[PDB]
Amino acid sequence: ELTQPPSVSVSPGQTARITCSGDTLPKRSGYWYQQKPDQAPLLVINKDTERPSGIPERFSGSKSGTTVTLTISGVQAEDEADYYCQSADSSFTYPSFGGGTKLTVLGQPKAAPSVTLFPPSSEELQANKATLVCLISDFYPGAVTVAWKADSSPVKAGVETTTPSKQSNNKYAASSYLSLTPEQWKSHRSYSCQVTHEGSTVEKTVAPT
């Protein structure tokens, strides 16, 4: 078994150290892979200390007996990824993998969310259902609160909100769904999605056609 920490976080330009520990590393060596979302792993360090030719110079490896370490100097945003160490068992019958280390790169600039609010489609209403969809994008940090209002009274039931998730451009996205009956939808003058982020609020409103 290989042991690596589940997470490491570093600020841009700093040095990241990811360790891997296991009794097989002296004889079977360690190999490091980087893996980004929707991609296969990529070997970044071969046989403890060798850097493959296409890998940037800021990646290096070290060995310390039953521990091996991947070091990334001058970390860049593009280095955020999962990192896996790999060895083999003591009988050299099968590979072993560590659990993976997510490297998070801190210090992105704050960014206020954009908000789009959609009313129920006519197709949905004909199915005797109603959903309002509040889409929240391009914010940082990755914490937001959503509040729904019927006219100006708070709505709590029927709300489903995702936990924010990182987009391709390293800002976060979230979505919130309000389920209503068509009778609720038509009865009120409007509905609103209020998105709060770091103490500032953005509100969108929709109304029956």
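Residue numbers run from 1 along the displayed sequence.
Higher average CA B factor: 186-194, of the stretches 13-21 and 186-194. Judged by mean Cα B factor in the deposited record, 139-147 ranks above the other of 139-147 and 174-182. Take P95, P109, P120, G99 and read off each C-alpha B-factor from the entry; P109 has the highest. The residue among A77, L132, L103, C85 whose C-alpha atom has the highest B-factor in the PDB entry is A77. Annotation for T205: C-alpha temperature factor in the middle third relative to the rest of the modelled chain, per the entry. Sort the chain's modelled residues by C-alpha temperature factor and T71 lands in the lowest third, per the entry.
Among the modelled residues of its chain, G61 has a C-alpha B-factor that falls in the lowest third, as given in the PDB entry. Residue-level temperature factors show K36 in the middle third of its chain, judged at the C-alpha atom.
For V44, the recorded CA B-factor ranks within the lowest third of the chain. Only modelled residues enter the ranking.
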